[PDB]
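Visitor: Dropping in structure.txt, with compact mmCIF, C-alpha atoms.
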# COMPACT_ATOMS: atom_id res chain seq x y z
CA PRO J 6 -17.81 5.31 18.07
CA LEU J 7 -16.58 2.10 19.69
CA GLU J 8 -17.67 0.13 16.62
CA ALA J 9 -15.20 2.06 14.47
CA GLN J 10 -12.50 1.74 17.10
CA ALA J 11 -13.26 -1.99 17.30
CA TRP J 12 -12.73 -2.44 13.57
CA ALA J 13 -9.38 -0.65 13.70
CA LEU J 14 -8.24 -2.94 16.53
CA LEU J 15 -9.20 -6.09 14.59
CA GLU J 16 -7.48 -4.72 11.48
CA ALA J 17 -4.26 -5.03 13.47
CA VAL J 18 -4.88 -8.69 14.35
CA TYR J 19 -2.96 -10.79 11.81
CA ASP J 20 -3.43 -14.39 10.70
CA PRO J 21 0.00 -16.11 10.42
CA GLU J 22 -0.91 -18.56 7.64
CA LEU J 23 -2.05 -15.83 5.23
CA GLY J 24 -0.02 -12.85 6.42
CA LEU J 25 -3.13 -10.64 6.45
CA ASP J 26 -5.38 -9.20 9.16
CA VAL J 27 -8.61 -10.96 10.17
CA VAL J 28 -10.76 -8.12 8.84
CA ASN J 29 -9.34 -7.92 5.30
CA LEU J 30 -9.29 -11.73 5.25
CA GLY J 31 -13.05 -11.71 5.81
CA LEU J 32 -12.91 -13.85 8.97
CA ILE J 33 -15.14 -11.56 11.04
CA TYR J 34 -18.78 -12.56 10.53
CA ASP J 35 -20.49 -10.38 13.13
CA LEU J 36 -19.38 -7.72 15.61
CA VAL J 37 -21.48 -6.06 18.29
CA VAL J 38 -20.00 -3.71 20.86
CA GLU J 39 -22.46 -2.67 23.58
CA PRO J 40 -20.68 -1.87 26.87
CA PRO J 41 -20.00 -3.67 29.08
CA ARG J 42 -20.16 -6.38 26.40
CA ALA J 43 -18.57 -7.09 23.04
CA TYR J 44 -19.56 -10.04 20.86
CA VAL J 45 -17.81 -11.31 17.78
CA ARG J 46 -18.58 -14.31 15.58
CA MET J 47 -15.67 -15.33 13.38
CA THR J 48 -14.21 -18.27 11.52
CA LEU J 49 -10.78 -19.75 10.70
CA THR J 50 -9.18 -20.27 7.26
CA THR J 51 -9.08 -24.06 7.54
CA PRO J 52 -11.61 -26.61 8.85
CA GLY J 53 -11.27 -28.17 12.28
CA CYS J 54 -10.73 -26.92 15.82
CA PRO J 55 -7.08 -26.23 16.63
CA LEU J 56 -5.45 -27.42 19.86
CA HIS J 57 -5.03 -23.74 20.82
CA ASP J 58 -7.32 -21.18 19.15
CA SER J 59 -4.64 -18.46 19.24
CA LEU J 60 -6.30 -16.36 16.51
CA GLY J 61 -9.58 -16.27 18.43
CA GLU J 62 -7.56 -15.38 21.55
CA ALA J 63 -5.86 -12.51 19.69
CA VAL J 64 -9.23 -11.19 18.53
CA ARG J 65 -10.56 -11.35 22.11
CA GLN J 66 -7.49 -9.46 23.40
CA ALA J 67 -7.85 -6.77 20.76
CA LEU J 68 -11.49 -6.12 21.64
CA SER J 69 -10.72 -6.04 25.36
CA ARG J 70 -8.62 -2.93 24.58
CA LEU J 71 -11.91 -1.06 24.12
CA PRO J 72 -12.93 1.10 27.09
CA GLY J 73 -15.81 -0.19 29.19
CA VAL J 74 -15.80 -3.67 27.65
CA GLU J 75 -15.59 -6.07 30.60
CA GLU J 76 -16.86 -9.15 28.77
CA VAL J 77 -15.79 -10.24 25.29
CA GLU J 78 -17.55 -13.25 23.78
CA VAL J 79 -15.71 -14.71 20.77
CA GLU J 80 -17.66 -17.42 18.95
CA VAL J 81 -15.76 -19.43 16.36
CA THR J 82 -17.95 -21.04 13.72
CA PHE J 83 -17.59 -22.76 10.34
CA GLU J 84 -21.06 -21.66 9.20
CA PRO J 85 -20.74 -20.40 6.60
CA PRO J 86 -17.40 -22.04 5.72
CA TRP J 87 -14.69 -19.55 4.71
CA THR J 88 -13.00 -19.29 1.28
CA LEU J 89 -10.70 -16.72 -0.36
CA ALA J 90 -13.76 -15.19 -2.02
CA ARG J 91 -14.23 -13.38 1.32
CA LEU J 92 -11.05 -11.33 0.94
CA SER J 93 -11.58 -7.57 0.74
CA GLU J 94 -10.40 -5.63 -2.31
CA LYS J 95 -7.44 -4.32 -0.30
CA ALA J 96 -6.40 -7.86 0.58
CA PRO E 6 7.00 -14.33 -3.52
CA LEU E 7 6.03 -17.97 -4.01
CA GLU E 8 2.41 -17.01 -3.34
CA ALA E 9 2.23 -14.95 -6.53
CA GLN E 10 4.08 -17.63 -8.47
CA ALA E 11 1.63 -20.22 -7.11
CA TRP E 12 -1.35 -18.25 -8.42
CA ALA E 13 0.21 -17.95 -11.86
CA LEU E 14 0.77 -21.72 -11.97
CA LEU E 15 -2.85 -22.43 -10.97
CA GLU E 16 -4.07 -19.91 -13.55
CA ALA E 17 -2.64 -22.29 -16.14
CA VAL E 18 -4.54 -25.31 -14.78
CA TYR E 19 -7.70 -25.72 -16.91
CA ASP E 20 -11.04 -27.39 -16.18
CA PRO E 21 -12.29 -29.37 -19.24
CA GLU E 22 -16.04 -29.00 -18.66
CA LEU E 23 -15.94 -25.19 -18.50
CA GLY E 24 -12.86 -24.45 -20.60
CA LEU E 25 -11.53 -22.02 -17.97
CA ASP E 26 -8.70 -22.17 -15.44
CA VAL E 27 -9.40 -23.20 -11.84
CA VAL E 28 -8.55 -19.73 -10.51
CA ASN E 29 -10.89 -17.66 -12.69
CA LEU E 30 -13.50 -20.37 -12.19
CA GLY E 31 -13.34 -19.73 -8.44
CA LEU E 32 -12.50 -23.33 -7.51
CA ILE E 33 -9.57 -22.44 -5.24
CA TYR E 34 -10.86 -21.85 -1.70
CA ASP E 35 -7.59 -21.54 0.20
CA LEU E 36 -3.91 -21.51 -0.77
CA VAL E 37 -0.97 -21.55 1.64
CA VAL E 38 2.62 -21.92 0.46
CA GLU E 39 5.16 -22.33 3.28
CA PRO E 40 8.20 -24.38 2.18
CA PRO E 41 8.61 -27.29 2.32
CA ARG E 42 4.80 -27.42 2.34
CA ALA E 43 1.99 -26.19 0.10
CA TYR E 44 -1.68 -26.57 1.00
CA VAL E 45 -4.68 -25.95 -1.20
CA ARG E 46 -8.37 -26.43 -0.48
CA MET E 47 -10.51 -26.51 -3.61
CA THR E 48 -13.80 -27.78 -4.99
CA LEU E 49 -15.19 -29.19 -8.26
CA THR E 50 -17.95 -27.76 -10.50
CA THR E 51 -20.34 -30.66 -9.95
CA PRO E 52 -21.28 -32.62 -6.81
CA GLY E 53 -19.82 -36.04 -6.12
CA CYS E 54 -16.38 -37.62 -6.01
CA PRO E 55 -15.10 -38.63 -9.45
CA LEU E 56 -13.47 -42.01 -10.10
CA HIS E 57 -10.23 -40.14 -10.91
CA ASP E 58 -9.83 -36.64 -9.43
CA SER E 59 -7.86 -35.44 -12.48
CA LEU E 60 -8.36 -31.75 -11.74
CA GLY E 61 -7.13 -32.14 -8.17
CA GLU E 62 -4.12 -34.03 -9.55
CA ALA E 63 -3.42 -31.24 -12.07
CA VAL E 64 -3.52 -28.65 -9.27
CA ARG E 65 -1.12 -30.72 -7.13
CA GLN E 66 1.29 -31.05 -10.07
CA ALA E 67 1.18 -27.33 -10.77
CA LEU E 68 2.08 -26.44 -7.18
CA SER E 69 4.86 -29.02 -7.09
CA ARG E 70 6.56 -26.88 -9.76
CA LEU E 71 7.29 -24.36 -6.98
CA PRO E 72 10.88 -24.39 -5.65
CA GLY E 73 11.35 -26.00 -2.25
CA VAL E 74 7.85 -27.48 -2.01
CA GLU E 75 8.41 -31.17 -1.18
CA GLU E 76 4.86 -31.80 0.05
CA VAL E 77 1.62 -30.61 -1.54
CA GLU E 78 -1.67 -31.26 0.25
CA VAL E 79 -4.74 -30.84 -1.98
CA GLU E 80 -8.04 -31.05 -0.11
CA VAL E 81 -11.17 -31.32 -2.23
CA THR E 82 -14.32 -30.15 -0.48
CA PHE E 83 -17.92 -29.29 -1.31
CA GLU E 84 -18.19 -26.82 1.57
CA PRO E 85 -19.18 -24.33 0.50
CA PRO E 86 -20.78 -25.79 -2.66
CA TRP E 87 -19.61 -24.11 -5.88
CA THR E 88 -21.83 -22.16 -8.32
CA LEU E 89 -21.11 -19.89 -11.32
CA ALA E 90 -21.44 -16.90 -8.99
CA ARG E 91 -17.81 -17.67 -8.08
CA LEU E 92 -16.48 -16.79 -11.54
CA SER E 93 -14.06 -13.86 -11.65
CA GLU E 94 -14.86 -10.78 -13.74
CA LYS E 95 -12.31 -11.94 -16.32
CA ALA E 96 -14.09 -15.28 -16.62
What's the structure tokens form of this structure?
Guide:
Amino acid sequence: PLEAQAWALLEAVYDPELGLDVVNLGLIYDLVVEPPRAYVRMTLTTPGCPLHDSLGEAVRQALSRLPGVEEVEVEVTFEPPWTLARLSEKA
Amino acid sequence: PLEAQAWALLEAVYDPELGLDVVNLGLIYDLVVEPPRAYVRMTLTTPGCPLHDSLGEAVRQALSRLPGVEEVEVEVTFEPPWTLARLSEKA
């Protein structure tokens, strides 16, 4: 139940450079919600670590909206590296 | 607006070895058009850096045709490495 709610929350988190949400952009690589923990592995649309990972922060915030989730681990990785081929049909 | 125009321009940029355009070939990994800047991350069909990156140059030229784009950054990468699995249905 929380898994579906989690996806809806992420679908509302938008990436400024592409004007699309992180889910339809294909940036979410793994998502596990098991109270009191939530884990998400995601990537960014361009290589390199930004000075402020605001997108990762937005994803963390969204997941924290879930009831009973006291710890949200957001791991940002470039493996595998992202490309537009990961866009969903809707995107 | 410019995003759709950008794609059309790239769809007219052809790769000699395969006889197909860079878009349907799946060589474009990321595309961001935000005047006065345009950024594109792409790859080539074979490993290695060529003496003259003619295809990369053709992509840069195509994007420069967009109104208000005074700077076009074309990044050529091999991550992830390209294969024919990236061809579009049309291709």
Visitor: Report as an NGL selection string all protein, DNA and RNA residues lying within 10 Å of range 6-8 of chain E, evaluated on all atoms listed in the file, omitting residues in the same chain fewer than 6 positions from it.
Guide: (:J and (23)) or (:E and (14 or 36-40 or 43 or 68 or 71-74))
Visitor: Pick the closest to residue 65 in chain E from E:12, E:19, E:44, E:83: which is it, counting all atoms listed in the file?
Guide: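 When distances to residue 65 in chain E are compared using all atoms listed in the file, the smallest one comes from E:44.
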Visitor: Find the spatial neighbours of residue 69 in chain J, counting all atoms listed in the file, within a cut-off of 10 Å - ignore same-chain residues fewer than 6 positions away - and output them as a ChimeraX atom specification.
Guide: /J:11,14,42-43,63,75-77
Visitor: For each of J:25, J:32, J:67, J:13, take the minimum atom-to-atom distance to residue 90 in chain J, counting all atoms listed in the file, then give the residue where this is smallest.
Guide: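 Of J:25, J:32, J:67, J:13, the one nearest residue 90 in chain J, counting all atoms listed in the file, is J:32.
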Visitor: Could you list, as a ChimeraX atom specification, the residues of chain J having an atom within 6 Å of chain E when counting all atoms listed in the file?
Guide: /J:86,88-89
Visitor: Measuring between all atoms listed in the file, which one of E:59, E:48, E:66, E:82 shows the shortest distance to residue 17 in chain E?
Guide: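 Using all atoms listed in the file, residue 17 in chain E sits closest to E:66.
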